[PDB]
Structure formats: structure tokens, C-alpha cells
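Worksheet for the structure shown next.
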Amino acid sequence: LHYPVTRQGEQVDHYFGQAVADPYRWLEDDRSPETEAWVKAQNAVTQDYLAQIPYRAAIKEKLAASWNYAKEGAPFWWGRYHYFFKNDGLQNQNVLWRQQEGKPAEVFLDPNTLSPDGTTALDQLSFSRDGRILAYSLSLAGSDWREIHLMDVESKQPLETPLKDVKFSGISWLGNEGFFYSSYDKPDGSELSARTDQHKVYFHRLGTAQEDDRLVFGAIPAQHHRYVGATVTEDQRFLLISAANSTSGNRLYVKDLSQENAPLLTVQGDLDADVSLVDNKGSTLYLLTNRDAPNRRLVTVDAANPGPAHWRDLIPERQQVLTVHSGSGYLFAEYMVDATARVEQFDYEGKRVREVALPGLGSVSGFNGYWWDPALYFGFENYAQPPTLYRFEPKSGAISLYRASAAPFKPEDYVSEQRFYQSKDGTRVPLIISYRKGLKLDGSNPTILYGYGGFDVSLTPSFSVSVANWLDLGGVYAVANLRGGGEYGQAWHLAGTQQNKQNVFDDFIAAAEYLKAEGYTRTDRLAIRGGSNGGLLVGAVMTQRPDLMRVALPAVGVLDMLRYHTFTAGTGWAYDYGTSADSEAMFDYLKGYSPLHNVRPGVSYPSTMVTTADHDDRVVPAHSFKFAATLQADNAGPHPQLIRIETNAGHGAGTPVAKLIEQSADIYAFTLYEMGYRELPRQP
Ligand SMILES: O=C[C@@H]1CCCN1C(=O)[C@@H]1CCCN1C(=O)OCc1ccccc1
Ligand SMILES: OC[C@H]1O[C@@](CO)(O[C@H]2O[C@H](CO)[C@@H](O)[C@H](O)[C@H]2O)[C@@H](O)[C@@H]1O
């Protein structure tokens, strides 16, 4: 195996006076011909390696055939039409259809006709109140940047010129006059890696040029924030503006639109808690918050004097984490019970109406709608159960099947069991293990252990065609609900942040030890996988315990923990990670686990396939480039250290089906091949 030559530069950084060498610093320049040439060379080596795997084509065909079935989402009613997304089976992007009573359904907006390779994706959709205009945002090549387009709803004709430089933005209409959106000024330098830290809310009035858009929030010094959002309430009475510097905690302001020149009132003026508006009933605001509530609570307050001192509990905090949805005049409290959903229906006075029975143990979607929706829809799924849609009539509580899955997977063929293993410090951590029935605990099953562990993100059961295929190939898929996550509230999250981050890695190592001890797998039949913060997870575990697994799959990972805060909106992760600029203690702790700085020459690393994408502006690909370069230079063992750079794709959202299939095929082929399989374990 011949890796491309990666030169080592002379760059040396200093942290509180301590020197740290960065030989691959030049790979951070995403626009240099040198970096572009290195990417092509690496991809060529990776493709040549994968080309030697005899069953890679079979895996890809197996995946494509099983993915090829009709899919349809819940209907959305607006104006004279009902809108719904559909995919005939293998369309790169889902298609937006619509239908009005008395007439046949028709294609309304087909993203597949917007690019030659299915890489342009539809993100936000927001109709004007009269239903005559639609504003929608599009992502190009998968980056976080967006363009907002406008179209006449009835004729489908494009209107005006698209708005540019939109990012991390919703689209909220003020009647039919125009809409609010968020944007960062175009950075000087590469828009894919340059730092952006001053998010602004603008208002676009129909019939004008974007340059004339009114600046609403975020320009004056006192309002500078890395993340800002503005939403007009359903009744058009209030404008809510949220503002934050990190992914946890936010300020919230409310402006009475009924009053002329109404001042911005402070709902929450500090960043010590997360607070969001669920809905409003007149001047009464319903807020979901973790302020003085680790597992969250729902409170109410009058918009005229909305401060925290006046918040009153409506749904008090419980032992389980709360999320609140609203629709049809009811509040739906979704609780997490060991990472699985339970739903309770409440009226706006906080009185419990009933518990909503769910089809089983898994995740739910939906239960969200307007006060005027006669019925609500919700979806249910888990690792062995493809998404199923149900219609729910809130008043009677009647539940009916709206759409059964057309997937070629039979839930009854699989086992999905939950266990709680002990981490190093004694903490019991949840683990959901899925596989085809008939499995023997003889320690030989090829297994993929997946985790994330951070940012209050909870890994609840979800159906994946790719995962189901791994199970059909005879594999075991195990998902750990590591600390750092939000499964058990804020305490669970904080136990995996800053100088406690090692707890997350310890939790993951313990999951791997449990799977081996119980006989599901063994060292040479184990692979670990994770993306973004989960990519860091894999990078840290493989550098700390390179003997623990056979295969490491870090996807779009944060791997240079000393410089991650210097790119795009990376500083927004400082609440979870801390930064090398915080103090000598934080710098030492970060350097102590930073994957890039813990690869050592002479060590034999497991087979690794680092994956990233050229338009990933969430986590710049340079993290992956420098890490892969270091592994190729330092690895002393016989196992391959490869990097696969997806072209015309980003962090992940909106990736076309065609690319998703190729990626999964490459990952599974590589994993089985590195585990020594000469043929597939089961008939494809
Ligand atoms: O191609 C299948 C791979 C091998 C086994 C699990 N896989 C996955 O892709 C799983 C299931 C869906 C999310 N996922 C994943 O790895 O996500 C990584 C990620 C997480 C967060 C942001 C970007 C990317
Ligand atoms: O594990 C042996 C098995 O591996 C295969 C398929 O990958 O070839 C590998 O091992 C060979 C040495 O036995 C190497 O020469 C070859 O490059 C490597 O891919 C099978 O051919 C062999 O039976």
C-alpha cells in the first residue's frame, strides 16, 4: 500500500508559551492547489484499495435493491392544497407533491430537477399567510450556507432573485409583507472555513433588493451573537428573537407586534439556560426551559413582563427529560424513558388529557401542527421498525394507520435489546443492541459499535436502511447512550463536557468491553463508528486504545482539538469542549486527548477509514486531512489508514441517496474486508 507523499511544514504554534508543532498546517488551506492535489491523490489510493474487495459491488447492489421502495411523509395543509413529500424509491432527493380536493396529486417542487447530480437540497419551507407565495431555502453541495428562493404558489413561477449568505436560518413571514431570516456577512477568504461569529436577523420585504433588507437584530455591539433566530408567532402578535454564542444556553426577547414601536422585552437575558417558545395563547407565552430544571419543564408567563422571576410552572420537571410539541389546541409532552418515547396530551391549562399509546419502544416524530389542524399525524420507528405514519384525532384520541411502510424489511426478523453496562466509574450506561434473530453469543459476530456523546444530543432508536442491511449481512449494530448526551438530562450532558470529556471515551470503551464479555463479538470482529462529535469519539478511542478494535470509522470528525475553534462556527462548541485559549488546565486537558496530537510513531493502529466531504463547513475537512496524514506517517502496523473525501457533499444533511448508498457500501465492504472476510457472512 503506497500512500501519497504528504510533506511536513515548519509551522509551530504556542499555547501559554508551550510550543506545539503542526506539520500538516498547510492542509488547512482548502483553496490551495497543493491541498486539492493531495485530496485527489488520497481518494485515488482509497478507491484502488476498495476496488480489490470482491464483494463491494454486491453490497452496493444489495443496499440499492432494499432501498428501492416508495416512501411518503405526513400531509401538510396550507391554502387549497395538502402538501406531502414522496420518493418513488431511489430518487436522489425527496419530491414535494401537492393535491387539492377533487383533483389528482401533482409534483410541486422536485429538487432532482435543480442540479445535475442531486446535490442541491431543499431545507426550509415557509408559505406567506395568504398562501400565495412560498419562500424556501436551498443547500448547494451540502454546505451549511443557503440561498432563499421565492415562487408563486399557484403558477409555480420563480419570483425575485434569491437571497444570499443565509445560514442557520428559519424563514418567518410577517403576514404577506415579507419575512425574517438570519445571515452572516460573506467572510473574506474561504466561505467554507473562515470564521463567522456575528449572526444577524434581517427582514426581506417583497419587491425589494436584498441590499435594502432591514437589519433587525445583531448589528449593534450589544447584540453581537454567534447564533440568532427570529420567529413571528402563529397569530402574528409577537416576534421572538433568540440569541446565543454556543450550542447550549440562549437569550430570548419578545416584541409585541400589536403595539407600534413596541420595545424588545427580555424573556431571558442570560445564557445560563436554554429557553424556547412552544406556543402562545393571547399574551400568554408557553416556554420550554431547563432553567432550574435539569430534565426541563414547561412554564408560562405574560409577554408584557416575561422575565424569569415571573415564569410559572405549567408542566413541572420530572425524572424524565421533557420535550413539548403543540397542535390542534393541545400540548404534547414527549418524555424520554431510557432513550425511548412516551407521549402525554395536555390542555393549555396544564391538565392531563390522556397518555397517547405508541406502537412500541422507539422514536416518534410529529404531534406538531397548527391550532386549526383537525387532525395530527405522528410517525413511529426504531432500529428494526421502518417509519410508520399514524393519524391522531386529538379530541377523541382516536389513532388510525395512515401509512404502513413499504420497506422490504420484516420487524419480526430482528432483535433490538437494551442493556445497561457499567462504565469505569460505575455509572450504568444504556446500550441498544440489534441483530437478526438466530444470533449466537460465540464472540464471532461482526459488530459496529456507534456513539456520539455530547451536546445534549440523545440517540433515540431510528430506522436506517443501511443499518438494516448490516444486520441482514449478519452483523450486530450497538448504539451507546454515552454521557455528554441528553438522555438523562443536563446532568448527563455536563458529565461529558470540558474537563469531564474523558468520561465519554471511558463510557465507549466500556461498551466495547461489554459486547466482548457477553459474547456478541471479539476484538478482531469489532468496528467503532461515530460522526462529528462522534468522529472525535472514534479518534480519541483509537489513539488511546488502538488494541481495542479491528476497524475505526471516524466520520466528519473534530480531530484537532487545539484549533477547532478557529474555523467557521466552531467556537460555538466551546460550552461542550472548552478551548485551548481558556487556561493552561483546559489546554493540557485538550492536548491530552486531541486525536491529532495523540497519534504516535511506532504504534500499530487498527484499519481506519476516515471519511469527510469537501463542502463540510460545519466541521472543516482539514480536521480529517491532518489526522489521516498523521496516521499514514506514524502507523507502524500492517493495517491501512485511509481517507475518503466525498465530493460535492457536506456534513451530511441533504446528501443524495446515490451518494449515501456508495458511502455505506464502501464502509461495509472495508469493514468486512479488514475483518478478514473472503466472502460475505450471509447471502446478499
Ligand atoms: O453507512 C452506514 C454507517 C455504518 C454504520 C452506521 N452508519 C451511519 O451512517 C449512522 C446511521 C445514520 C447516522 N450514522 C452516522 O454515522 O452519522 C455520523 C454523523 C453524525 C452527526 C453528523 C454527521 C455525521
Ligand atoms: O487472509 C488471507 C486472505 O486475504 C486475501 C483477501 O484479502 O488476500 C490478502 O492476503 C494475502 C496473503 O495471504 C496478501 O498477499 C493479499 O495482498 C491480501 O489482500 C486472500 O487472497 C487470502 O486468502
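Cβ placement follows ideal geometry from the backbone for every residue including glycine, while neighbour counts extend to all protein chains displayed. Throughout, read-outs are computed from the coordinates displayed, never taken from laboratory work.
The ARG312 and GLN52 beta-carbon pair, evaluated with R₀ = 56 Å, returns a calculated FRET efficiency of approximately 0.25. The charge dipole of region 578-684, taken about its Cα centre with unit charges on the Cβ atoms of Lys, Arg (+1), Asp and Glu (-1) only, comes to about 280 debye.
Placing a pseudo-label 7 Å from each Cα along the Cα-to-Cβ vector at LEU90 and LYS395 gives an inter-label distance of 4.7 nm. Take the alpha carbon atoms of region 1-72, find their center, do the same for region 485-530, and report the distance between the two centers in whole angstrom. Computed from Cα coordinates, the inter-centre distance equals 26 Å. Counting 0.36 nm for each residue step from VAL353 to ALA219 and taking away their Cα separation leaves a gain of 43.7 nm.
What does the charge count near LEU63 come to, summing +1 for each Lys or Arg and -1 for each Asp or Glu among other residues with Cβ under 13 Å from its Cβ?
For residues surrounding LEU63, the net value is 0.
Rounded, prolate or oblate: pick one for region 429-543, where a ≥ b ≥ c are the square roots of the eigenvalues of its C-alpha gyration tensor, a/c under 1.5 means rounded, and failing that, prolate if a/b is larger than b/c, else oblate. Here region 429-543 falls in the prolate category. Counting other Cβ atoms within 10 Å of each Cβ, which chymotrypsin sites (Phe, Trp or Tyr not before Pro) in region 345-448 have at most 10 and sit in a DSSP loop? Answer by residue number: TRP372.
Its Cα gyration tensor gives region 70-406 an equivalent ellipsoid, and the semi-axes of that ellipsoid, as √(5λ) in whole Å with the largest first, are 30, 29, 20.
Shape analysis of region 294-445 places it in the oblate category; the axes a ≥ b ≥ c from the Cα gyration tensor give an a/c of at least 1.5, with a/b not above b/c.
Fully extending the segment from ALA37 to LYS410, taken as 0.36 nm per residue of separation minus the present Cα-Cα distance, adds 129.7 nm.
Each peptide in 511-519, 137-145 receives the mean, over its residues, of other Cβ atoms within 10 Å, and ordering these scores from highest gives 137-145, 511-519.
Of the GluC sites (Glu not before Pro) in region 297-375, the ones in a loop by DSSP (not H, G, I, E or B) with at most 12 other beta carbons within 10 Å are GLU349. Here each label is just a point 7 Å from Cα along the line to Cβ, and for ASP547 and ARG419 those points are 2.3 nm apart. Treating r as the C-beta distance of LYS164 and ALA585 and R0 as 45 Å, the FRET efficiency rounds to 0.60. Peptide packing for 118-124, 300-306 was compared via the average number of neighbouring C-beta atoms within 10 Å per residue; ordered from the highest value, the list is 118-124, 300-306.
Distance between the pseudo-spin-label points of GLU101 and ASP256 (7 Å out from Cα toward the beta carbon): 3.9 nm.
Summing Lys and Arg as +1 and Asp and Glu as -1 over all other residues whose Cβ lies under 10 Å from the Cβ of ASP279 gives a net charge of -1. Candidates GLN319, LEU285, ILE399 compared by Cα position along the dipole of region 70-406: farthest toward the positive end lies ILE399, with charges placed on Cβ. Compared with the dominant Cα axis of the chain, that is its longest principal axis, helix 657-674 is turned about 30°.
For the chain, take the longest principal axis of its alpha carbons; what is the angle in degrees between that and the long axis of helix 502-517, to the nearest 10 within 0 to 90? Taking Cα atoms only, the helix is inclined about 60 degrees.
To the nearest ten degrees, helix 622-634 and the longest principal axis of the Cα atoms of the chain are 10 degrees apart.
Ellipticity at 222 nm from helices only: DSSP H runs of n ≥ 4 in the chain, each -39500 (n - 2.57), divided by the residue count, give -5500 deg cm²/dmol.
For region 1-139, just say rounded, prolate or oblate: build the C-alpha gyration tensor, square-root its eigenvalues into a ≥ b ≥ c, call rounded for a/c under 1.5, and beyond that prolate if a/b exceeds b/c, oblate if not. Oblate shape, in that a/c is at least 1.5 and b/c is the bigger or equal ratio.
Measuring between their Cα centroids, region 103-138 and region 156-206 lie 17 Å from each other. Ordering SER624, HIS199, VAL541 by the projection of their Cα atoms onto the charge dipole of the chain, which places +1 on the Cβ of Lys and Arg and -1 on the Cβ of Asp and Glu, puts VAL541 at the extreme positive end. Checking every one of the GluC sites (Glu not before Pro) in region 92-185 against DSSP loop status and a limit of 13 other Cβ atoms within 10 Å picks out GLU101, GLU154, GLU177. Think of each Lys and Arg Cβ as +1 and each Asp and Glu Cβ as -1; about the Cα centre, that makes the dipole of region 70-406 roughly 540 debye.
Considering only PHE378, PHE238, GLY269, and ranking their Cα positions along the charge dipole of region 70-406 that arises from unit charges at the beta-carbon of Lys, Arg, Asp and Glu, the one farthest toward the positive end is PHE378. Using a cut-off of 22 Å between Cα atoms, the listed pairs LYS186/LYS591; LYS351/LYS395; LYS164/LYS200 include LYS186/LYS591 as exceeding that distance. Magnitude of the charge dipole for the chain, about its Cα centre and with charges confined to Cβ atoms of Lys, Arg (+1) and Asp, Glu (-1), is about 1480 debye. Taking the number of Cβ atoms within 10 Å of each Cβ as an exposure proxy, the fewest-first ranking of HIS597, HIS224 is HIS224, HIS597.
Region 548-581 and region 429-447 have Cα centres spaced 30 Å apart. Annotation: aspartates and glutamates with alpha-carbon distance below 17 angstrom to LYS62 (same-chain offsets under eight excluded): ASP472, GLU662, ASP666, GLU679.
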